[PDB]
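Values quoted throughout were computed directly from the atomic coordinates according to the rules given, and no laboratory measurement underlies them. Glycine also receives a Cβ, built like all others from the backbone with ideal geometry; neighbour counts cover every protein chain displayed.
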Amino acid sequence: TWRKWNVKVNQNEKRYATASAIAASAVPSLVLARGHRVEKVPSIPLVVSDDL
Amino acid sequence: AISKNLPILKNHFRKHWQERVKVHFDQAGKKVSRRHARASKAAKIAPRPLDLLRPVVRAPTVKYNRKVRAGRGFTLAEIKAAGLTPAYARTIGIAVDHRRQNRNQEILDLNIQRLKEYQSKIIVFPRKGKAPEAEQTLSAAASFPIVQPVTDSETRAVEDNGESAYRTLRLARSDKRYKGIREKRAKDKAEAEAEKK
Amino acid sequence: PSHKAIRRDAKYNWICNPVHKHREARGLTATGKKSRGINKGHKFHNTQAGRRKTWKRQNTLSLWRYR
Amino acid sequence: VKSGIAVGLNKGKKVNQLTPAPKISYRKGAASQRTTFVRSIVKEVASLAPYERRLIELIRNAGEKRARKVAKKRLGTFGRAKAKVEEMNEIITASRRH
RNA sequence: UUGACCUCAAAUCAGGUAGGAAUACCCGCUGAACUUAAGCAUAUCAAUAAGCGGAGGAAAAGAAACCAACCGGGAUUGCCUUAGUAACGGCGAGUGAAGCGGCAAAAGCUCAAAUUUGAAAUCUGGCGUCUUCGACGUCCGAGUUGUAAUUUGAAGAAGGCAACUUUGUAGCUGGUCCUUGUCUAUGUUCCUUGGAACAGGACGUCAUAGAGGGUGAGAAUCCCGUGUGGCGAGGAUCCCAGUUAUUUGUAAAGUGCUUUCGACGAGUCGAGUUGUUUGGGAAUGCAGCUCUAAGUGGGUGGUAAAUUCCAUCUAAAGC
């Protein structure tokens, strides 16, 4: 049971990677390469109204 | 057994250590048990806070005398100074400690202010009939925090008088080393042999 | 403990409880707690809370999820 | 009173000092007026111990010092021999004289 | 001659109580060697396995004869640090704590030692009656070689002077907490393959339900469920809320001033010596044996003594 299961990571290193992932949400080349049928959609960084 | 150019370690694993191993898998689950316990206690008690109101206290030793910290109980002198009995205070949410003493006017005042601030802000319901409820505040430490005393004047005069702080320490330390023999050298020569004269 | 004078009277009622079965054997008497060596002080470190309890605590490897 | 410095005789910080009022438990070892009365009655009833019956014989013969050395072996420490030998002289001055 | 008291017996006397089981964890006693040191004897494995006694859902510990030398902390228990450190050790191999600091959780208390002495005020059993985990009344016994009230060192008591702020005991309904029972959406339409559609294709429906399982092959929509919320029943009851009886009271508690006192645990503490154990080193604790105290006394302040001061607690009874 006492083998190493979980792994500690630096707090700044997570926030570096999480910030770069939010940059990857935009830019159409990386989205289509990673699956997703996004041919119809007018532009990306897609925002919707607060009635949703 | 030994030999490259490595540091000499000290690993204490020659007993049956594998039989007495603990792994804290429960950390995550045990946290929820405590949050459930703190919540369910507040439901039973209802309008009162979970914590007892603690006093302000100075710490011991050379390492920690420059900082203040929340003590155990309010003493019998300070409870009297505000204007109430020790037996009554235990049922209002005020911790009492019969063994702590007071040898400082600064800590004596601070905790009298702390009791007067407490007594004013709390309300008390009677035993008989009406009870106008006013929600519950959980943490007494949140409403009554601990602040560090300020002994500061940011801008100040520069009063020099050619004494030298370094020279003051060397003279003062020399007095502690030599007062034993200097008393006994004075107890001879000037006393005993010359009191006989 | 079974006699009704001891059961009803509140001063000597505590002894009737099931936790005080054979105090002499386990060493919960006046002479027992002296022989075990249970006193407050720097002289009493190796036995104070419990001799085997303290040994079982400090001869144990405590490991967390994040090392 | 402290001297106002980290190194010295008094050592160190100056404060508004006094006072703690005295507790009840500090008195503890202080006498009477039962206890001295009861201990007076429990003496005539009855007699001294065998080792004490040598002490007064030793004082009549070889005074002090030898009285301490005998008492130090029979009792615990040197400080207890001070109390016993000083007390045994007060028996001779009170009871035997006058 | 008759009746008491003190010690000790008997009975298939009236009524109770103890044993064994299980043993993961918990409290004690008892106690190895393989092994490591490249040999082996102190050491190490280990104050461990096997053996013996005793408990509970927890156990043990616990309201300082404590830690400190600071501007001082303030019952116990555990986690993170202290630290692989101060010490121990053929000073070899190896062993190895605790104070402060940050958190989780916090709750405090009871006897003995005083004369109710203008009223043994107290308690078991028997017999009777009631609303029966009990309450009321009555008759023997226990007990003055000490059962109630009163007080526990944080104090506290006995007097005098002085202002008074507080009070209590049953059941009934409802909530609350458990054990439960039941109710609450939507296709089995058409065509190909096949022994069998739960497969493929076309057209819909429900979704706070597209978890999982069942049915002749990968089913949200065939069945049980799942999700959302209702509605019962049966216990626990003082935890809260709201009521109704009562009926406690001239008795129980708290506080300002002033005078006199202020009871505190003995074959114990402490000393010597032997064996064992600890990191504890002119000896950490425990046990056997010999010696044996005190009243401002006794304990501790990590180098043996004598001499003089200071700081700290109040042991030898208990929850």
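Does the stretch B:28-47 contain at least one residue that is touching a residue at least 24 places away in the same chain (Cβ under 8 Å) and more than 9 Å from RNA strand E (Cβ to nearest atom)? Checking the stretch B:28-47: at least one residue is touching a residue at least 24 places away in the same chain (Cβ under 8 Å) and more than 9 Å from RNA strand E (Cβ to nearest atom). Selection of the stretch B:86-110 for residues being in a loop (DSSP other than H, G, I, E, B) and closer than 23 Å to D:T19 by Cβ yields B:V96, B:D97, B:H98, B:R99, B:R100, B:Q101, B:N102, B:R103, B:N104. Check B:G93 against each of (1) more than 7 Å from RNA strand E (Cβ to nearest atom); (2) at positive phi; (3) under 18 Å from the mean Cα position of the chain (by Cα) and name the one condition it does not meet. So the condition that B:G93 fails would be (3).
If we scan the stretch C:53-61, do we find a residue that is under 30 Å from B:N11 (Cβ atoms), out of contact with any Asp or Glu (no Cβ under 6 Å at 6 or more places or on another chain), within 14 Å of chain A (Cβ to nearest Cβ) and not in a helix (DSSP H, G or I)? The answer is yes; a qualifying residue exists.
Please work out if B:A141 is more than 30 Å from D:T19 (Cβ to Cβ), part of a helix (DSSP H, G or I) and more than 14 Å from chain D (Cβ to nearest Cβ). Yes. Restricting attention to the stretch D:47-70, does a residue exist that is part of a helix (DSSP H, G or I), surrounded by 10 or more Cβ atoms within 10 Å (Cβ to Cβ) and in contact with a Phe, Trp or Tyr (Cβ under 9 Å, 6 or more places away or on another chain)? The answer is yes; a qualifying residue exists. Scanning the stretch B:64-117 for residues that are more than 14 Å from every other protein chain (Cβ to nearest Cβ) and touching a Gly at 6+ places or on another chain (Cβ under 8 Å) returns B:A95, B:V96.
Among the residues making up the stretch B:133-186, a single one is acidic (D, E) and surrounded by 11 or more Cβ atoms within 10 Å (Cβ to Cβ): B:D175. Kindly indicate whether any position in the stretch C:14-24 is surrounded by fewer than 10 Cβ atoms within 10 Å (Cβ to Cβ) and in contact with a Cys (Cβ under 9 Å, 6 or more places away or on another chain). No, the stretch C:14-24 has no match at all. Among B:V57, B:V124, which is the only one that is within 8 Å of RNA strand E (Cβ to nearest atom), more than 14 Å from every other protein chain (Cβ to nearest Cβ) and in contact (Cβ under 8 Å) with a residue 24 or more places away in the chain? Within the list B:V57, B:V124, the selection yields B:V57. Taking (1) surrounded by 10 or more Cβ atoms within 10 Å (Cβ to Cβ); (2) farther than 29 Å from B:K22 by Cα; (3) more than 7 Å from RNA strand E (Cβ to nearest atom) in turn, C:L61 satisfies each apart from (2).
Within the stretch B:61-69, identify whether any single residue is in a loop (DSSP other than H, G, I, E, B) and free of Cβ contacts under 8 Å to residues at least 60 places away in the same chain, and answer yes or no. Yes. Among the residues examined, C:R67 qualifies as of a type in the set (D, E, K, R) and within 14 Å of chain A (Cβ to nearest Cβ). When restricted to residues that are of a type outside the set (S, T, N, Q) and within 6 Å of RNA strand E (Cβ to nearest atom), the stretch D:9-54 contains 15. In the set (1) near RNA strand E (Cβ under 9 Å from one of its atoms); (2) acidic (D, E); (3) surrounded by 10 or more Cβ atoms within 10 Å (Cβ to Cβ); (4) within 14 Å of chain C (Cβ to nearest Cβ), B:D51 fails one condition alone, (4). Number of residues in the stretch B:70-105 that are in contact (Cβ under 8 Å) with a residue 12 or more places away in the chain, under 19 Å from B:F144 (Cα atoms) and either surrounded by fewer than 12 Cβ atoms within 10 Å (Cβ to Cβ) or among the β-branched types (V, I, T) (or both): the value is 5. In the stretch B:1-27, the residues that are facing another protein chain (nearest Cβ under 9 Å) and closer than 13 Å to C:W64 by Cβ reach residues that are in a loop (DSSP other than H, G, I, E, B) and β-branched (V, I, T) with C-beta atoms within less than 9 angstrom, at least six apart or across chains, in these pairs: B:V21/A:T1; B:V21/C:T60; B:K22/C:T60; B:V23/A:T1; B:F25/A:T1. Scanning the stretch D:56-84 for residues that are among the aliphatic types (A, V, I, L, M) and more than 11 Å from RNA strand E (Cβ to nearest atom) yields a total of 5.
A single entry from C:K33, C:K43 fulfils the requirement of being more than 30 Å from B:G29 (Cβ to Cβ), of a type in the set (K, R) and not in a helix (DSSP H, G or I): C:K43.
The set of residues in the stretch D:19-46 that are aromatic (F, W, Y) and either assigned to a helix (DSSP H, G or I) or farther than 30 Å from B:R103 by Cα (or both) contains only D:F37.
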